[PDB]
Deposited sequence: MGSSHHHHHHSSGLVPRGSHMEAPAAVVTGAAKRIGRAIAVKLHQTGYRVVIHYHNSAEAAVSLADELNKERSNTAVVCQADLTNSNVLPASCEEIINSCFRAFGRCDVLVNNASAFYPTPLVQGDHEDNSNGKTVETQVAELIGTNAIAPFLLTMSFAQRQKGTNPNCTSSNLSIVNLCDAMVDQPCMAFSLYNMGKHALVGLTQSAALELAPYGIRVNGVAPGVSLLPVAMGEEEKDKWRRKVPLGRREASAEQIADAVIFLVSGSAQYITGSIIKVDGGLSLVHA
């Protein structure tokens, strides 16, 4: 029987590449998505064409609210429903936008989105994963630039720091159950869609190793390692995949 993985925010970009690589490794996959229904369904079709009954989609908003625990329980439940097991959780989904401290969304909505997607949903997904329970593990998508943050991104940065805390606390608490918990911390990978070309090139030029952003596949490679049998003694570790970017001074 093939193991099964949940990947959040898996319709596009890094999450898609993670879901593809897990599937290529032998996993059955739950493709979680929020708005990107067409892309999620299209990915599941492509994976199922390769091996039937190995991919399903699961829609959920990961914004914090009093129903977020139920949504997170449902995502894990969807994996058990489709595949009878859940071996791997990848917390990839993320909201990312500025929240300046000095002055259409209310600040409480920004808190719910940025802290919910980046930290609270990973926590609740981790609880549900552990409670519903080989080679079990969780991989959190962190941020290599967490200590040299983007100006005016305080709530985003707070959420990603909270995710480091979750990675460490859950590694400690879940180790006696044989569940490893680790992180992968990109520097600059696939650049935002809204961003212009001259700006993208500015960021590319900062990266010591090759003066280019990471491909989604390069990020997924670190995820694959961490869920593999080659990482069985690794827990609580966060692997930077940043081309040296976090080493570069102002």
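Sequence ranges 1-21, 125-132, 163-171 have no coordinates in this entry (deposited sequence, numbered from 1, C-alpha basis).
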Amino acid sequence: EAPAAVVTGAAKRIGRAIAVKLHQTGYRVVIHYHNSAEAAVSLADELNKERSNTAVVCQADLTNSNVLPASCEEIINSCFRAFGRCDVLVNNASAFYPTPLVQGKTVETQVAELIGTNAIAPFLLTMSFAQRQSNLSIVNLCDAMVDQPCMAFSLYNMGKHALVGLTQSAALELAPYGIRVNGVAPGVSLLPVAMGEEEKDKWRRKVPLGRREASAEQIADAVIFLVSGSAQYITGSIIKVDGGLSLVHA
From here on, numbers count along this sequence of modelled residues.
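Here the rigid core means the biggest group of C-alpha atoms that line up within 1.5 Å when the two forms are laid on top of each other.
Stretch comparison, 56-64 versus 209-217: after rigid core superposition, larger RMS CA deviation in 9 other deposited structures of this protein is found for 209-217. Among the other PDB entries of this protein that were compared and that flank it with modelled residues, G104 is left unmodelled in a third or more. As the entry records it, the average C-alpha temperature factor is higher for 16-24, out of 235-243 and 16-24. Averaged over Cα atoms, the B-factor as recorded in the entry is higher for 92-100 than for the other of 92-100 and 121-129. Take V30, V41, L68, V223 and read off each C-alpha B-factor from the entry; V41 has the highest.
Listed residues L155, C142, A171, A82 were ranked by CA B-factor as deposited; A82 comes out on top. Placement of the Cα temperature factor of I75 within the chain: middle third of the modelled residues, per the deposited record.
Among the modelled residues of its chain, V248 has a C-alpha B-factor that falls in the middle third according to the deposited record. In the deposited entry, the Cα temperature factor of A162 sits in the bottom third of values across the chain's modelled residues.
In the PDB entry, a CA B factor belonging to the middle third of its chain's modelled residues is recorded for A60. Split the chain's modelled residues into thirds by C-alpha temperature factor. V7 is in the lowest one.
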